[PDB]
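Protein chains in written order, with the entry's author numbering: chain C, 1 to 203; chain O, 2 to 81; chain K, 71 to 137; chain S, 3 to 79; chain 9, 414 to 685. Contents: one structure, followed by commentary.
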Amino acid sequence: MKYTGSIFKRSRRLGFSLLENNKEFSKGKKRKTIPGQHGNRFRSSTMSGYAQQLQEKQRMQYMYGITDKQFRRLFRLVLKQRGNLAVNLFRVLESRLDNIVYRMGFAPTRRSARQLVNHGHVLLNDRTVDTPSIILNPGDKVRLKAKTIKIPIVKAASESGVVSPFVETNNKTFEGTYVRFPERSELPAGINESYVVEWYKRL
Amino acid sequence: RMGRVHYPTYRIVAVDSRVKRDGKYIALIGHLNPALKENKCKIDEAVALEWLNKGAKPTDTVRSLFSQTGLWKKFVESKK
Amino acid sequence: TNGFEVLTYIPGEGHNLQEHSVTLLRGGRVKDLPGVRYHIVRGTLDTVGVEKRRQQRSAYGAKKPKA
Amino acid sequence: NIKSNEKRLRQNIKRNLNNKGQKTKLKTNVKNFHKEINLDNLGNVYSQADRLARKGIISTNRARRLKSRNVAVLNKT
Amino acid sequence: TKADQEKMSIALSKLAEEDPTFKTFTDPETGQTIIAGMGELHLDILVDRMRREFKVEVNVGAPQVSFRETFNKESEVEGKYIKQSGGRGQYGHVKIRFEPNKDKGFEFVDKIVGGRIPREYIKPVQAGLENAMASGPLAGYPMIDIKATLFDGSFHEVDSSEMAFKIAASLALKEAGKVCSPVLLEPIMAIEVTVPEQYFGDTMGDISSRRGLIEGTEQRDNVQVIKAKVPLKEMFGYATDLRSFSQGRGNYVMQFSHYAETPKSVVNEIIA
RNA sequence: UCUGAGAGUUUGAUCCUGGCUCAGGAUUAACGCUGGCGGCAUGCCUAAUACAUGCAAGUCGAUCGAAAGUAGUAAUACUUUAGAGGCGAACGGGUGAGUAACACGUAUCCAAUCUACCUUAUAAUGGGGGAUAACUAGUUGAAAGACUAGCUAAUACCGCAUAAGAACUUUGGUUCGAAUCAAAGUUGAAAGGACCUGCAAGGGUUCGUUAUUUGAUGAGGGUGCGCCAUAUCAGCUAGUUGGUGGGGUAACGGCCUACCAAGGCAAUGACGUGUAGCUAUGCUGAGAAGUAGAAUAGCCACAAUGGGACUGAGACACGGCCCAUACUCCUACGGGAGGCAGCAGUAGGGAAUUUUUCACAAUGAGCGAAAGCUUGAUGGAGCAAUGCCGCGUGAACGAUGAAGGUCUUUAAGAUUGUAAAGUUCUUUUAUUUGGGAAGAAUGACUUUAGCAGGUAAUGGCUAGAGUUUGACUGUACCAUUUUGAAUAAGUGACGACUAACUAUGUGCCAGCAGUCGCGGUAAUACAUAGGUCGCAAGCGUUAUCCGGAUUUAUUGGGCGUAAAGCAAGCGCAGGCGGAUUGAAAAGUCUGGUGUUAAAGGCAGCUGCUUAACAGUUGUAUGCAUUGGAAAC
Numbered sequence: 001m002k003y004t005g006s007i008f009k010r011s012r013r014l015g016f017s018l019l020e021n022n023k024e025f026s027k028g029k030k031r032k033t034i035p036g037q038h039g040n041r042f043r044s045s046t047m048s049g050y051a052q053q054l055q056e057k058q059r060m061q062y063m064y065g066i067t068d069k070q071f072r073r074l075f076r077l078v079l080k081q082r083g084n085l086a087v088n089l090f091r092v093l094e095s096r097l098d099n100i101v102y103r104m105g106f107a108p109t110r111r112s113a114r115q116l117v118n119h120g121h122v123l124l125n126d127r128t129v130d131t132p133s134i135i136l137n138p139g140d141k142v143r144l145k146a147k148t149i150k151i152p153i154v155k156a157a158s159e160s161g162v163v164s165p166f167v168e169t170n171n172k173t174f175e176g177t178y179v180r181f182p183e184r185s186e187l188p189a190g191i192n193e194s195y196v197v198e199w200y201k202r203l
Numbered sequence: 002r003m004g005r006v007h008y009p010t011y012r013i014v015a016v017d018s019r020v021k022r023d024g025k026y027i028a029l030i031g032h033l034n035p036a037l038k039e040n041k042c043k044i045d046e047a048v049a050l051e052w053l054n055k056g057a058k059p060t061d062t063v064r065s066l067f068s069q070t071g072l073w074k075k076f077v078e079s080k081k
Numbered sequence: 071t072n073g074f075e076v077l078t079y080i081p082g083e084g085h086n087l088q089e090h091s092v093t094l095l096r097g098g099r100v101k102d103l104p105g106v107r108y109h110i111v112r113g114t115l116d117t118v119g120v121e122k123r124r125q126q127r128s129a130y131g132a133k134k135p136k137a
Numbered sequence: 003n004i005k006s007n008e009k010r011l012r013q014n015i016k017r018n019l020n021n022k023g024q025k026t027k028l029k030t031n032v033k034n035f036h037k038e039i040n041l042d043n044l045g046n047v048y049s050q051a052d053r054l055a056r057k058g059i060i061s062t063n064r065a066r067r068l069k070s071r072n073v074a075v076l077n078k079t
Numbered sequence: 414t415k416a417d418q419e420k421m422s423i424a425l426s427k428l429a430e431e432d433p434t435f436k437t438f439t440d441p442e443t444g445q446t447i448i449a450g451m452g453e454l455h456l457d458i459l460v461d462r463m464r465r466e467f468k469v470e471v472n473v474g475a476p477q478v479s480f481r482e483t484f485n486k487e488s489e490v491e492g493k494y495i496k497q498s499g500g501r502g503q504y505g506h507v508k509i510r511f512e513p514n515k516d517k518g519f520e521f522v523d524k525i526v527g528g529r530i531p532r533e534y535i536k537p538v539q540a541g542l543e544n545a546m547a548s549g550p551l552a553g554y555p556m557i558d559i560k561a562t563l564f565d566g567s568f569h570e571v572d573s574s575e576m577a578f579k580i581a582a583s584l585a586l587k588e589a590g591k592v593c594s595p596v597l598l599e600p601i602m603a604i605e606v607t608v609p610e611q612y613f614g615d616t617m618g619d620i621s622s623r624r625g626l627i628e629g630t631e632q633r634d635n636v637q638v639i640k641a642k643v644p645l646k647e648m649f650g651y652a653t654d655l656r657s658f659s660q661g662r663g664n665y666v667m668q669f670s671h672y673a674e675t676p677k678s679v680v681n682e683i684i685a
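So, in structure tokens, the structure goes:
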């Protein structure tokens, strides 16, 4: 599926907000309990190495919305490069257009960035992109010619800008550019990329 | 020829104009994409000179590129 | 369709055998019934098919629930 | 069938009768040489070989081999 | 042959694409494939397409819808099955009442007061009855319209088991059915015929001569209407007996009415 | 350093010998449920089973006479060819029945070969004859046609002059079955067409001809290696094993003939049998390898079946021929006609594998100075979730959480669920409007500039010319291009492995079933409702290849009680083999070189929306020659 549908429902069982904390933290209350009418006490009756591996992988693609075939595509792409493949893959994990736009102060959510990108409001280097999965590279210019005045969302994101060294942006001129590869310390550390690359040899 | 639909390609070959294409070749000389005309090729004109010395006339429209190689300046006028 | 008169099973609740019913089968062994390694697809050219199931109706061919 | 095969037939049938005549007269010359050995029929075969090998009627190798064999067996006479 | 059945079904697929008004039924009991037709020429042309257009060679017979079975005045017998087939001992024994019920199907009434049969065995024995009536000693049709009243029984030690009681009840049911002179029931259709004037006496004499239950006249606005409860076998050729006499200007409505007692003549005909 | 993850499973229990199952991939994939679409291909594997229809390989009039028709008073010019003459036809495409072997691939040998059209290289490109084609008239029938007699053309056919050069003959002169030269003997060379020029003479262009020498191409021939299993298949073999002569093939060759003999092979497995198109390679594993030889590419076999011949450089010729076979069709019944393993399409089969679709736009192939013609190749386009890649069905905020429902089991709460309602916004796609391609940086075409032997001049050639070529395509996509959340999500599992259970029904029955196994009275195992979770326009099921399985274990296992030691000895061949000295290096390693096509992957680059993919670049096994190495 291109979208998880309900995203707070994803944080229900996971217990982790895809936002900083405010996803299921301020909507009336904080519902961080796992779903299920069969709910009961569960403290160490459902967690295992296989289960934690699934949890890490699941939150990893939830943060980016990668389908299985695209997931293997990205895996092969990071195979195409050498070094510590886990951290290099994690650097490639930011190479999503919607993720960058969210991190560029141009969209409050990556979901909104994806749906702007498909709508055609984005200009990627003199080439409007409707596919939000294109791979970022350093030194790319973007424009928002005219489908931005009628969008309050992009302006609201522009005033709530994001500071990042790996990219540059003029939010008041609707300008963004990918500068350098991201740093691991700027990104959440609860994810373990090693177990997944061990899990991906099954072709 | 090869490539994709809406994406033609044909590697230029000094092949016998009487024997079919897409087979064993004595020597492949150049390549070109006829979709977008920009004249990118890897012509040699070294063994092609020998091929023309022993006939080996390439396909129909190669003569135009032969004009670009300027072999007419060095092949047909080489007896005077 | 050729001359191979072999055993089979009817998987699922009920049956639609007509003593001449033309239908489709399934290849797979069953442990409790020795000599029997075959089934019948529910809903192929003779069998009715069963709906209102989050279960089979992917197998045991039956149309998607209509509401 | 097709018209092209009809035209090829209408041509090569007569060309083949002609070639049959030429081959049979060459055969007759070979016969007359087999009867007795002389320079006159040697010249006759010399001429006929050039008459027939000129076209595709007789292969050059066959004519050369036969004339070489006949002149070789003549060399002892 | 069963292969002939399959090839005739292929011919059915070919012949149903032109006009599917003909109905085809494969009966679960009589077994023979019933195919509907208009008349002599209609069936003839179907046969012609089958043998010549379709190259399908199939034998032709007679329509098949047979009967139902029941039995006479009540009686009470016992069932004792002390037997074994496979590795150890088996035993069972029950005592039931075999009573007819003209307007009700299988019915069970218990008479266990002294603990002769535990409640666990109350239900299986019923099933033993429900499967035992399926066969008849005359022609083998299931026996219906019967009231069953279990009276007594005996549950022994490990030799006793529920299916043994079911088999004993089956023995009792068959024995009592043999004793109580079983009888047969034939299907009866209610046929209504509306004719202006022409075939009043013709239909009267046809029904009187062939078979049927009749009572006089109905006088509709400008026509004569006759309803007959007639055995379904009597429709054989009646479709053309009436039509030939009516020159093709006949019509009726065929509706099933009920199963009725078979006379002695029917008892002599159908049996082998 | 290229590079390796298992799980459960007997029993009171423990492992062990050891089987099983699946977790993983792949697949011409098939089926179910469903299903907007982009881009990338592919899309009979069943019956070489039988087929209507169309194309399917034809071209040249400036090769030839003449015919028909137009214009023109006529001559003549022009339009088409009924035909001849020249060439293509053997290209190419498709199939895998056959074939278990020079067939593939590979290294080399052809002291034993050939190879129009295209390369080099020269000699010239005459003198005639005599014929027919076409046609005319007659005969036979509806007609196809067939038969008979008359007239002729051809760069057609056949003699006649010389043969430069070759080849043969003979003599002299060469080389480790060879090759080269000289002289003499003999033989046989062409055909003309068009154009320019020239009063003419004649000259030139150009096409073609003949013979000559030389490329290349393709074919044939020689072997070595590699190229299934079968000994519950041990003898086979008389053209068989060789020799002499001859015929014979482009050459050698019992290939064949006459004569002469009786060998030859085969236990390291012939023959017989069934199974088979082969390779590069697709996929599975780290690999040794397995899988199958998809499609494509190279090679071989076939063209309804068995032969046989036919010209032609080249065929025993998909779509040439005769016979015979078998079939089909027409016949107004006398006789004929044909072969989709070509494009499709059609019938059967299966679960199933698609359009008798368009243009020859490009490419290519053929014919032709030329224009121009053919081109069911080719390129497209149609269809199919068949695989691959890619995208939506909304999005910003938004509640102690709307309504209903569920559990809790009347009580709260959770729960469905930021999902909802609500405000706001948007439009790739749905859909109106205009733009909008390259593909043709080719090809034709004449005058110019120039080159060029000639020059009297056209023509031979290179740089610019436009009238020239688009099915694809006013196409994809794009300026809120019109409006608009509007045009759209299912599937499986939820006892464990395997991250996924509550309520109800239920009674070893109903049924699930990959295994362990569940269900006989409240089943987290079945069936429904709800909920959970995972993948997703795919998810479920089946088959089959592999990983897991190293579980026929050189690599990478054992033989005592499990499966394993013949009951033992003699015991050939073969295998393994005491020490020391030498050489060769046969084996081996290694250096130089060549070859091992492309395409496959590994990596870099480029074009793609990153993307699969296409192109660019290189990467390699293996074999042969030559120089060494000396340990074994």
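For each residue, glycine too, the CB sits at the ideal point set by N, CA and C.
Smallest Cα separation from residue i: which of the options?
| i | options | result |
| --- | --- | --- |
| residue 500 (chain 9) | 681 (chain 9), 605 (chain 9), 572 (chain 9), 666 (chain 9) | 572 (chain 9) |
| residue 418 (chain 9) | 470 (chain 9), 465 (chain 9), 457 (chain 9) | 470 (chain 9) |
| residue 2 (chain C) | 197 (chain C), 179 (chain C), 140 (chain C), 133 (chain C) | 133 (chain C) |
| residue 49 (chain S) | 73 (chain S), 11 (chain S), 28 (chain S) | 28 (chain S) |
| residue 563 (chain 9) | 576 (chain 9), 541 (chain 9), 654 (chain 9) | 541 (chain 9) |
| residue 630 (chain 9) | 622 (chain 9), 623 (chain 9), 639 (chain 9) | 639 (chain 9) |
| residue 20 (chain C) | 202 (chain C), 186 (chain C), 28 (chain C) | 186 (chain C) |
| residue 163 (chain C) | 85 (chain C), 179 (chain C), 149 (chain C), 151 (chain C) | 179 (chain C) |
| residue 115 (chain C) | 9 (chain C), 137 (chain C), 65 (chain C) | 65 (chain C) |
Given a cut-off of 7 Å, decide if residue j and residue i are closer than it, judged by their beta-carbon atoms.
| i | j | result |
| --- | --- | --- |
| residue 579 (chain 9) | residue 531 (chain 9) | no |
| residue 613 (chain 9) | residue 637 (chain 9) | yes |
| residue 588 (chain 9) | residue 490 (chain 9) | yes |
| residue 113 (chain C) | residue 101 (chain C) | yes |
| residue 647 (chain 9) | residue 554 (chain 9) | no |
| residue 673 (chain 9) | residue 604 (chain 9) | no |
For residue i, count the other beta carbons within 10 Å of its own beta carbon; 16 or more makes it buried, fewer makes it exposed. Which is it?
| i | result |
| --- | --- |
| residue 33 (chain S) | exposed |
| residue 669 (chain 9) | exposed |
| residue 78 (chain C) | buried |
| residue 546 (chain 9) | buried |
| residue 98 (chain C) | buried |
| residue 50 (chain C) | exposed |
| residue 29 (chain C) | exposed |
What whole-angstrom Cβ distance do residue i and residue j have, given they're in contact under 8 Å?
| i | j | result |
| --- | --- | --- |
| residue 93 (chain K) | residue 111 (chain K) | 6 Å |
| residue 189 (chain C) | residue 154 (chain C) | Their Cβ separation, rounded to whole angstroms, is 30 Å, which puts residue 189 (chain C) and residue 154 (chain C) out of contact at 8 Å. |
query = Listed from N- to C-terminal order along the chain, which residues in the region 560-584 of chain 9 have their beta-carbon within a distance smaller than 8 Å of any beta-carbon of chain K?
reply = Going along the region 560-584 of chain 9 in chain order, one finds no residue with a Cβ nearer than 8 Å to chain K.
query = Which residues, in order along the region 72-97 of chain K, keep a beta-carbon less than 8 Å from a beta-carbon of chain 9?
reply = Correct list: 88, 89, 90, 92.
Residues in the region 494-527 of chain 9 having any Cβ partner in chain K nearer than 8 Å = Listed in chain order, the positions of the region 494-527 of chain 9 with a beta carbon within less than 8 Å of a beta carbon of chain K would be empty, since no residue qualifies.
ask   = For the region 423-453 of chain 9, which residues have a beta carbon sitting closer than 9 Å to at least one beta carbon of chain K?
value = Answer set for the region 423-453 of chain 9: 439, 441, 444, 446.
request  = Using a Cβ-Cβ cut-off of less than 9 Å, list which residues of the region 451-479 of chain 9 approach chain K; keep chain order.
outcome  = So nothing in the stretch comes that close.
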